[PDB]
Ligand SMILES: NC(=O)c1ccc[n+]([C@@H]2O[C@H](COP(=O)([O-])OP(=O)(O)OC[C@H]3O[C@@H](n4cnc5c(N)ncnc54)[C@H](OP(=O)(O)O)[C@@H]3O)[C@@H](O)[C@H]2O)c1
Ligand SMILES: NC(=O)c1ccc[n+]([C@@H]2O[C@H](COP(=O)([O-])OP(=O)(O)OC[C@H]3O[C@@H](n4cnc5c(N)ncnc54)[C@H](OP(=O)(O)O)[C@@H]3O)[C@@H](O)[C@H]2O)c1
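Chains as they are written, first to last, in the authors' numbering: chain A, 4 to 288; chain B, 4 to 209, 211 to 230, 232 to 286.
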């Protein structure tokens with residue numbers, strides 16, 4: 004099959020190389036720290052001695068390092084060896100850095116595809132993998148078959164920063180939800196309730212994750228019907244959360260933050276509308 | 004069946020009275036603003052004239068208004084009639100306000116039950132109905148059958164404010180999650196991405213065990229990072246820098262950042278994100 008190069012042998016990089024090898028790709032690997040490829044070489048991987056030698060061994064080069072600052076530090080020595088090849092940046096960073104990488108890649112004659120892995124390494128090489136991809140459509144189709152070895156490719160568009168945008172946007176949701184759960188856990192924990200007793204209920208407050216698409220209809224329509232629950236009614240509930248958190252001894256930074264956003268919308272005349280109307284103030288720094 | 008009184012005929016109050024009427028309970032209803040009981044009265048409801056007659060008409064009095072100050076203003080005239088009866092307060096408020104109501108009820112000779120409706124009005128009367136209850140166990144056992152008309156009773160304990168604490172905490176999670184989703188929708192929208200195209204992916208990330217898994221790290225006090234708070238914080242930095250460049254407000258993600266920085270300054274950057282609970286506490 005097509006030869007592929009994985010630059011960076013961390014937890015994810017090692018999984019990526021393994022998935023390429025399992026699909027029959029002659030995989031050339033390289034890492035700054037030696038002693039992490041023993042399992043890959045036993046499966047067929049060729050350990051390269053130089054980044055430039057690794058970049059020159061395959062038509063497709065996948066780089067999976069911590070940030071782009073590292074990606075640019077590793078690949079500058081081989082910046083020209085990227086000649087005529089495609090760089091698949093599966094490093095997670097900002098949309099701006101993905102666009103600067105693309106321009107940097109074009110400067111050195113290389114094609115560029117920006118990717119974002121949305122699963123842990125164990126799920127690479129399996130149908131559970133969700134990898135976003137953005138950049139020139141032709142380049143994706145030309146290498147879609149090779150990238151299938153990693154899992155579920157999902158082309159988003161031509162803008163190199165799209166994949167990163169989806170990435171930071173989905174991590175924005177995940178960590179913000181994370182913080183709310185931990186705050187709720189602490190609040191009930193102030194009265195001795197084990198988190199194991201609150202967790203089955205915290206699963207029910209979300210029931211089917213339908214709200215995602217119900218509110219998306221409002222956002223896309225720009226119409227936030229405040230029928231039933233209004234933003235001002237919801238804001239009253241936040242006040243109860245803040246005063247309960249204060250009374251119970253828990254920090255009230257996060258709930259006050261959500262309260263500030265609600266007030267901003269109410270100050271913009273959305274008091275009557277739904278909570279989804281808070282997006283109107285979220286779009287204004 | 005047992006007679007029941009419903010004080011407050013807003014969307015929820017009318018749903019509660021209808022659920023009692025369906026279960027065969029003789030239901031007396033009453034509300035400050037007239038003209039909302041026609042459907043209930045056609046199904047058997049008895050519209051009381053005064054709140055003191057309504058309170059006096061039933062052994063079980065269910066009050067469901069906007070807040071605690073409203074219940075205290077609308078029952079203050081009939082505080083004497085409450086003696087010997089049971090006030091089941093389904094009005095959502097703070098745990099402290101729940102403990103105060105129980106005391107006020109006791110001073111007037113009434114048993115008190117604090118409740119928290121976690122479902123919308125349409126779900127009342129249905130198996131999906133989730134209503135938390137707290138207060139003395141005996142009073143709840145005396146009226147479990149009558150309260151079953153409203154749906155899934157979940158008796159939490161004896162503390163009158165316990166049901167309200169579960170209430171605020173689940174709402175803390177719900178609204179915080181809502182805020183994060185809107186911010187993520189705004190972030191993808193800065194590049195024209197329709198919220199309807201993002202919703203399917205937002206679901207895939209949520211794939212529901214993260215609640216129970218962290219509950220054990222929180223119960224054990226052991227936050228093993230392998232993902233560590235230090236790395237997670239660097240991604241939250243990317244969210245802020247990206248949002249600022251994309252023209253999106255950074256207040257909310259920065260609030261999340263301040264929380265991870267607090268736990269890091271406490272010596273948890275090598276623990277899990279779950280360890281944030283320690284600074285929350
Ligand atoms: N759960 C996951 O693991 C997961 C899931 C989705 C996405 N990702 C993304 O995938 C990428 C890889 O993550 P990871 O799990 O492998 O851990 P990581 O610590 O983010 O990256 C480890 C890799 O980066 C290399 N590296 C970092 N800084 C370097 C530098 N200055 N010079 C040279 N190499 C450098 C490491 O080299 P050494 O090995 O020599 O130290 C190693 O190969 C990250 O961008 C991460 O956000 C990870
Ligand atoms: N319906 C829901 O979606 C839902 C779901 C779960 C929990 N809850 C909670 O359960 C309760 C039901 O709320 P709701 O949806 O019915 O609407 P609401 O606006 O929260 O409650 C309004 C009710 O309280 C009365 N009221 C409010 N302020 C009053 C005052 N100052 N003096 C006298 N009466 C006053 C209203 O009388 P008027 O009708 O005359 O204005 C009406 O009966 C609330 O505590 C809510 O937080 C509601």
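A virtual CB, placed ideally from N, CA and C, is assigned to each residue, including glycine.
1. Round the Cβ separation of residue 159 of chain B and residue 253 of chain A to the nearest angstrom and send it over; I've been treating them as touching at under 8 Å.
2. Do residue 71 of chain A and residue 94 of chain A have their C-beta atoms within less than 8 Å of each other?
3. Which chain A residues sit within Cβ distance under 8 Å of residue 237 of chain B?
4. What's the gap between the Cα of residue 256 of chain B and the Cα of residue 267 of chain A?
5. Let me know the secondary structure DSSP gives residue 4 of chain B once reduced to three states.
6. Look up residue 119 of chain A in the DSSP assignment and say whether it is helix, strand or coil.
7. I want to see whether chain A comes within less than 8 Å of residue 204 of chain B, judged by CB atoms only; does it?
8. Starting from residue 237 of chain A, trace the alpha helix (DSSP H) both ways and give me its first and last residue.
9. Compute the Euclidean distance between the alpha carbons of residue 198 of chain B and residue 183 of chain B, then round it to the nearest angstrom.
10. Excluding five sequence neighbours on each side, which residues of the same chain lie with their C-beta closer than 8 Å to the C-beta of residue 77 of chain B?
11. Give the list of continuous alpha helix (DSSP H) stretches no shorter than 4 residues that lie fully inside the stretch 22-76 of chain A.
12. Under a criterion of Cβ closer than 6 Å to any non-hydrogen atom of ligand 1, which residues qualify, in chain order?
13. May I ask whether a heavy atom of ligand 2 can be found less than 7 Å away from the beta carbon of residue 193 of chain A?
14. Looking at residue 190 of chain B: is its Cβ nearer than 8 Å to the Cβ of residue 104 of chain A?
15. Taking only three categories from DSSP, how would you classify residue 89 of chain B?
16. Can you have a look at residue 288 of chain A and say buried or exposed, based on whether 16 or more other CB atoms are within 10 angstroms of its CB?
17. Is any beta-carbon of chain A found at less than 8 Å from that of residue 169 of chain B?
18. Between the stretch 42-49 of chain B and the stretch 19-26 of chain B, do at least 3 Cβ pairs fall closer than 8 Å?
19. Among B/276, B/242, B/251, which has the Cα closest to the Cα of residue 263 of chain B?
20. Quick test of your reading: residue 146 of chain A and residue 58 of chain A, contact by CB under 8 Å. State the CB separation rounded to the nearest angstrom.
21. So, residue 209 of chain B versus residue 212 of chain A, is the Cβ gap smaller than 8 Å?
22. In chain order, what residues of the same chain have a beta carbon less than 8 Å from the beta carbon of residue 8 of chain A, not counting five sequence neighbours either side?
23. Judging by CA-CA distance, which residue of A/132, A/127, A/156 is the nearest neighbour of residue 140 of chain A?
24. Is the beta carbon of residue 259 of chain B closer than 8 Å to that of residue 273 of chain B?
25. Any chance the CB of residue 232 of chain A is under 7 Å from a heavy atom of ligand 2?
26. Residue 2 of chain A: buried (16+ other C-beta within 10 angstroms of its C-beta) or exposed?
27. Is it buried or exposed, residue 232 of chain A, if we count other Cβ atoms within 10 angstroms and call 16 or more buried?
28. Are any of the Cβ atoms in chain A nearer than 8 Å to that of residue 273 of chain B?
29. Is DSSP giving residue 127 of chain B helix, strand or coil here?
30. Tell whether a beta-carbon distance below 8 Å holds between residue 163 of chain B and residue 195 of chain B.
31. Can you tell me the Cα-Cα spacing of residue 79 of chain A and residue 113 of chain A, whole angstroms?
32. Run through DSSP, which three-state label would residue 214 of chain A get?
33. State buried or exposed for residue 210 of chain B, treating a residue as buried only when at least 16 other CB atoms are found within 10 Å of its CB.
34. Would you verify that the beta carbon of residue 28 of chain B is, or is not, closer than 8 Å to some beta carbon of chain A?
Taking the geometry as given:
1. Here residue 159 of chain B is taken as the residue at index 156 of the second chain, counted from 1. Here residue 253 of chain A is taken as the residue at index 250 of the first chain, counted from 1. The Cβ separation is near 18 Å, so there is no contact.
2. In the first chain, counting from the first residue as 1, residue 71 of chain A sits at position 68. In the first chain, counting from the first residue as 1, residue 94 of chain A sits at position 91. Yes, the pair counts as a contact, with Cβ atoms nearer than the cut-off.
3. For the purposes of this step, residue 237 of chain B is identified with residue 232 of the second chain, where counting begins at 1. Here the neighbours are 178.
4. For this step, residue 256 of chain B is matched to residue 251 along the second chain. For this step, residue 267 of chain A is matched to residue 264 along the first chain. In a straight line, the C-alpha of residue 256 of chain B is about 11 Å away from that of residue 267 of chain A.
5. By one-based count along the second chain, residue 4 of chain B stands at place 1. Coil.
6. Position 116 of the first chain, counting from 1, holds the residue named residue 119 of chain A. Residue state, collapsed to three classes: strand.
7. Counted from its first residue, the second chain places residue 204 of chain B at position 201. True, the Cβ-Cβ gap to chain A drops below 8 Å.
8. Along the first chain, read from residue 1 onward, the residue named residue 237 of chain A stands at position 234. That run of the alpha helix (DSSP H) goes 234-251.
9. Counting from one through the second chain, the residue named residue 198 of chain B turns up at place 195. Counting from one through the second chain, the residue named residue 183 of chain B turns up at place 180. Answer to the nearest angstrom: the Cα atoms are 13 Å apart.
10. Locating residue 77 of chain B in the second chain gives position 74, counting from the first residue. Within the same chain, residue 77 of chain B has close Cβ partners 10, 11, 35, 54, 66, 68.
11. 41-45, 54-58
12. A/11, A/12, A/13, A/14, A/15, A/16, A/34, A/35, A/36, A/67, A/68, A/69, A/73, A/76, A/77, A/94, A/95, A/120, A/123, A/124
13. Start at 1 with the first residue of the first chain, and residue 193 of chain A comes out as number 190. No - ligand 2 has no heavy atom lying nearer than 7 Å to the Cβ of residue 193 of chain A.
14. Start at 1 with the first residue of the second chain, and residue 190 of chain B comes out as number 187. Start at 1 with the first residue of the first chain, and residue 104 of chain A comes out as number 101. Cβ distance not < 8 Å, so residue 190 of chain B and residue 104 of chain A don't count as in contact.
15. Within the second chain, the letter at position 86 stands for residue 89 of chain B. Strand at residue 89 of chain B.
16. Within the first chain, residue 288 of chain A is the residue found at index 285, counting from 1. Exposed, because fewer than 16 other Cβ atoms sit within 10 Å of the Cβ of residue 288 of chain A.
17. The count along the second chain starts at 1 and reaches residue 169 of chain B at position 166. With 8 Å as the cut-off, residue 169 of chain B counts as an interface residue toward chain A.
18. yes
19. On the second chain, residue 263 of chain B is found 258 positions in, with the first residue counted as 1. When only C-alpha atoms are compared, the closest one is B/242.
20. Sequence index remark: in the first chain, residue 146 of chain A carries index 143 (1-based). Sequence index remark: in the first chain, residue 58 of chain A carries index 55 (1-based). The pair is not a contact, with the Cβ atoms about 16 Å apart (cut-off 8 Å).
21. As a working mapping, residue 209 of chain B is identified with position 206 in the second chain. As a working mapping, residue 212 of chain A is identified with position 209 in the first chain. A contact, by the Cβ cut-off of 8 Å.
22. As a position in the first chain, residue 8 of chain A is number 5, starting the count at 1. Around residue 8 of chain A: 30, 31, 32, 33, 51, 57, 58, 60, 61, 63, 64, 65.
23. Working through the first chain from its first residue, we reach residue 140 of chain A at position 137. For residue 140 of chain A, the nearest C-alpha among the options comes from A/156.
24. What you label residue 273 of chain B is simply residue 268 of the second chain in a count that begins at 1. What you label residue 259 of chain B is simply residue 254 of the second chain in a count that begins at 1. Result no, Cβ atoms of residue 273 of chain B and residue 259 of chain B do not sit closer than 8 Å.
25. Position 229 of the first chain, counted from the start, is the residue given in the question as residue 232 of chain A. Yes - ligand 2 has a heavy atom lying nearer than 7 Å to the Cβ of residue 232 of chain A.
26. Residue 2 of chain A lies beyond the stretch modelled for chain A, which goes from 4 to 288, so this question has no answer here.
27. As a first step, residue 232 of chain A must be located in the first chain, where it is residue number 229. Under this definition residue 232 of chain A is an exposed residue.
28. Along the second chain, one-based indexing puts residue 273 of chain B at 268. Taking Cβ atoms only, chain A never reaches closer than 8 Å to residue 273 of chain B, which makes this a no.
29. Here residue 127 of chain B corresponds to residue number 124 of the second chain, with the count starting at 1. It is coil, neither helix nor strand.
30. Start at 1 with the first residue of the second chain, and residue 163 of chain B comes out as number 160. Start at 1 with the first residue of the second chain, and residue 195 of chain B comes out as number 192. Not closer than 8 Å, so no.
31. Within the first chain, numbered from 1, the residue matching residue 79 of chain A stands at position 76. Within the first chain, numbered from 1, the residue matching residue 113 of chain A stands at position 110. Each residue's Cα considered, the two are about 13 Å apart.
32. Along the first chain, one-based indexing puts residue 214 of chain A at 211. Three-state DSSP puts residue 214 of chain A in a helix.
33. Examination of chain B shows a numbering gap from 209 to 211; residue 210 of chain B is inside it and therefore has no coordinates.
34. Numbered from 1 along the second chain, position 25 holds the residue referred to as residue 28 of chain B. No, its Cβ sits nowhere closer than 8 Å to a Cβ of chain A.
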